[PDB]
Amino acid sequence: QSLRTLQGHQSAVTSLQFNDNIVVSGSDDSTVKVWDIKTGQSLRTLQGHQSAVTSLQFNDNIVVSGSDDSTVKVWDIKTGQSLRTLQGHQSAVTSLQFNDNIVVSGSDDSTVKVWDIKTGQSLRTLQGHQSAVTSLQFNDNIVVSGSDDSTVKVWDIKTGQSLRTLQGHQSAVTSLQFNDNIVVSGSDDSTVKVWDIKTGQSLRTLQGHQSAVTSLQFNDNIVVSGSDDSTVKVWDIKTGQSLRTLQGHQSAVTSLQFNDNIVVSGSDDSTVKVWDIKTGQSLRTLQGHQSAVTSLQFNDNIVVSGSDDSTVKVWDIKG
């Protein structure tokens, strides 16, 4: 069931992230909007971007967004003003992640750039990729980046060098997740690969998808991936076997998220689907979107989804 349909975005919503009392949405209208999830009304419209917003991340005080204008901006989430503009990328910024000290941005110019968040200076520039960087993730020591060059590269977050290059994918890498033990990468070649992060060798290749893999997520036991073949698949990470295939969507799966109990997926068929992961059976179909679903996020009881119809919708996860 839909509770609140947030409105005021004039173009497709690309990214979102919500807490207990606010939602932060990025869209193709070059604006970032802050809303009150309870009332469903807009508080602040963050302006300064000259093209579509591709990703975002916020904490209690700060919002960090990436846009198609090759800039990463840092916003005060309460006053609505822009604090820093980070300039160094020469093409669209596709992914971002930031902590207390630094921000890390991936771009179409095949470079990952590290910036000390309170300075705005370009600390490091990670060179090595031959095409657009699509996804990234870093911890205290290292950075793992995916790119259109069909390779996943590991870097040292402070030395600025490349540690390993994970090779085997025959098409662009779209998503990645990693721990100190392994990395998990999805690619356009319809395969998900599990690698040993320490040595950079391929531990397994998950096969079964008939088209590009768009999103993934894994815990200690399982990998959950969504593909362009309108299906979500469950895998066993150590075995490499296919566990369950979730079938209900009639178009490509774009975003997903899961826990020990359920799997919440978004697709281009304008529907968000909640499934019991143990069964592999659909529990609900969230309807109300008039166009493709681009991003989602859920907690214990509600789901927040963004769609191409320039709307952000809140859903009761099981009501």
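One-based numbering along the sequence shown.
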184 to 192 set against 154 to 162, stretch whose average Cα temperature factor tops the other in the entry: 154 to 162
Residue stretch of maximal mean CA temperature factor, 116 to 124 vs 144 to 152: 116 to 124
Residue with highest C-alpha B-factor in the PDB entry, from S91, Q201, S175, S230: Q201
Residue of maximum C-alpha B factor among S295, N19, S25, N301, per deposited coordinates: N19
Third of the chain's Cα B-factor distribution that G248 belongs to, per the entry: highest
Position of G226 among the chain's modelled residues by C-alpha B-factor, lowest, middle or highest third: middle
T279 - Cα temperature factor, lowest/middle/highest third of chain: highest
CA B-factor ranking of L256, expressed as a third of its chain: lowest
Record-listed C-alpha B factor of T39: chain third: middle
